[PDB]
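Have a look at the structure below before the remarks.
Proteins come first, then strands; the chains are lettered A, B, ... in the order of their sequence lines, and each starts at number 1. These values consider heavy atoms only, across backbone and side chains, with no hydrogens, waters or symmetry-generated copies. Read the numbers this way: they start at 1 and go in the same order the structure lists the ligands and their atoms.
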Amino acid sequence: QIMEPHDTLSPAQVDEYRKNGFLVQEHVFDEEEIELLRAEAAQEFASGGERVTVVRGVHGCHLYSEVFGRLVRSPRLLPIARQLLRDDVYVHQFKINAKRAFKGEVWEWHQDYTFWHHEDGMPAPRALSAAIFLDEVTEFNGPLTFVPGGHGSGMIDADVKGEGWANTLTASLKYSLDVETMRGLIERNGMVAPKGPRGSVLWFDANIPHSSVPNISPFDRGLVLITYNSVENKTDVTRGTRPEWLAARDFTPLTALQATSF
Amino acid sequence: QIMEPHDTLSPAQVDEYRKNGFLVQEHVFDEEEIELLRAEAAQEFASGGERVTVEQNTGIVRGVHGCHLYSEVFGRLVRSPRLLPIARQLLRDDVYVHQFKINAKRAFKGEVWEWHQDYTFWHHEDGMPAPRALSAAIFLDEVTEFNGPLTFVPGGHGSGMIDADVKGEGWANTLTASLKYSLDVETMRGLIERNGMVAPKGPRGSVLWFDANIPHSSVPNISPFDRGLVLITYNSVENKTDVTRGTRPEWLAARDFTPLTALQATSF
Ligand code: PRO
Ligand code: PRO
Ligand SMILES: [O]
């Protein structure tokens with residue numbers, strides 16, 4: 001049996017990712033693959049316990065689901081994560097954010113790296129996320145929205161609340177960026193809400209500022225977000241304040257899935 | 001502590017490798033690094049027992065095989081971030097070491113490596129199913145016109161596996177001036193009449209990457225200068241050898257197909 005030889009990003013693609021801080025590959029996974037992933041997302045939402053947020057999200061699924069454990073090692077994903085981070089990689093965080101059709105809430109503006117630095121002791125922004133589109137992403141279903149190029153200022157300040165981790169993945173974020181600081185960013189750089197079909201992957205930088213609106217449409221916007229971190233860039237588990245299902249502690253380099261008879 | 005971020009080949013370098021079947025990177029390893037590998041190789045030639053090979057005219061060391069399984073330095077070398085990312089890149093897979101060898105081609109007495117394709121041996125002796133494998137040749141010495149460089153038919157990998165005369169049962173003659181599978185002189189001449197011959201050169205510390213199926217050879221070294229090469233053969237994990245048609249020991253043909261991971265920078 002045969003896995004297709006690993007495909008990496010073109011030099012132009014890499015350049016676009018570096019410039020903008022994000023990049024879309026369309027139709028990475030086919031419909032049958034996507035349906036498998038949706039079914040498993042549904043299992044995880046139904047049985048996740050304390051790993052579910054209210055359903056707003058579920059976290060850490062690759063540690064509990066075999067299908068998700070295999071996904072993060074996929075030859076469609078792992079080679080590009082390696083290429084972009086220029087290292088072996090492991091999964092820092094895994095989450096599925098079901099931005100539900102009628103009543104799907106905001107994600108206020110944030111840089112993931114701000115959270116991961118302060119909550120988990122990640123030392124540099126040498127990480128990225130791959131967001132798999134379980135549904136078509138349009139203007140109307142609350143797309144992920146970015147300031148392009150906004151990753152190249154490093155972190156930028158954000159006020160904190162809670163002496164806990166509970167408010168890290170709510171509508172009200174622990175480290176959001178204020179109206180003024182965003183107005184600045186937006187006035188200079190733009191806003192972009194990249195779009196795509198079911199099965200696409202949206203790659204984005206740990207430090208790019210991003211957000212998403214409420215879901216207007218009658219349509220869902222299920223995303224599977226896999227955060228790859230550089231093994232060299234492993235988080236300092238002695239600054240770590242969160243469970244494994246939010247911030248991994250096993251830094252074993254991932255290997256790609258090979259084709260087997262089962 | 002920090003390893004330099006993984007460097008891979010440019011698209012132009014990769015196009016050159018696929019077209020010619022070989023590619024030189026100059027000055028990959030520095031002098032101090034080469035010197036560590038030189039000293040470890042001297043240790044393996046002195047302690048490798050059955051894994052050592054001698055030139056016929058003499059008792060002088062021709063080569064030692066399998067050192068990554070016995071030497072910790074060599075076990076780490078194959079995982080080096082100067083090497084592993086490029087092997088993964090060119091083979092478009094995770095990889096593992098099929099074969100490891102050090103070929104000391106001494107200053108006045110190194111003998112011939114007759115024309116051959118590595119893949120022919122690996123396919124028939126070891127059960128490698130396709131030529132999705134490559135060798136990285138580390139130059140422990142400057143490779144010049146005069147110290148018996150590996151010499152290739154550029155582009156000769158792309159007309160598949162050429163047919164060769166088998167000589168005998170088993171494998172001891174896979175490592176000799178007398179090769180088990182050497183090439184039909186009439187097809188050699190053909191290959192060469194249409195493709196030519198090239199002996200890549202470079203300074204100490206360079207790496208010469210070459211395709212598993214590229215016809216290659218080397219002449220004797222009659223310079224006053226050694227040509228020590230550390231040759232690491234990476235194979236794609238998908239392309240793992242069929243260990244059920246395998247005729248040779250571990251130190252010629254690996255059986256552990258665990259994907260290699262890169263060495264990280266630690267405090268020791
Ligand atoms: O707490 C976290 O790490 C994720 C990333 C930003 C939103 N929630
Ligand atoms: O026997 C082998 O496997 C190597 C490749 C060709 C010459 N010796
Ligand atoms: O060879």
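Side-chain N/O atoms of A:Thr227 and A:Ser129 include a donor and acceptor closer than 3.5 Å. Counted by atom type alone, B:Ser71 and B:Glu40 present one or more donor-acceptor pairs between their side chains at under 3.5 Å.
Contact check for B:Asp163 versus B:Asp184: no side-chain heavy atoms found under the 4.5 Å cut-off. Looking only at side-chain heavy atoms (C-beta outward), A:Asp120 and A:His92 come within less than 4.5 Å of each other. A 4.5 Å side-chain heavy-atom check between B:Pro149 and B:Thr144 finds every atom pair outside the cut-off. Looking at heavy atoms from C-beta onward, B:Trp113 lies out of side-chain contact with B:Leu150 at the 4.5 angstrom threshold.
Regarding atom 5 (C) of ligand 1, its nearest protein heavy-atom neighbour is A:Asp112 OD1, 3.5 Å. Among protein heavy atoms, atom 4 (C) of ligand 2 sits closest to B:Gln99 OE1, 3.5 Å.
By the 3.5 Å distance cut-off applied to N or O atoms, A:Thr168 is counted among the residues near ligand 1. Residue A:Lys95 has no nitrogen or oxygen atom sitting less than 3.5 Å from a nitrogen or oxygen atom of ligand 1, judged on distance alone.
Less than 4.0 angstrom separates some heavy atom of A:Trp116 from each of these atoms of ligand 1: 3 (O). Interface atoms of ligand 1 facing A:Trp107, defined by a heavy-atom separation under 4.0 Å, are 7 (C).
Residue A:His110 holds the heavy atom nearest to atom 6 (C) of ligand 1 of all those in A:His110, A:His118, A:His210. Checking A:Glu119, A:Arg242, A:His59 against atom 2 (C) of ligand 1, the nearest heavy atom belongs to A:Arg242.
No donor-acceptor pair closer than 3.5 Å links the side chain of B:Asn195 to the backbone N or O of B:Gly156.
Not a single heavy atom of A:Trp165 lies less than 4.0 angstrom from ligand 1.
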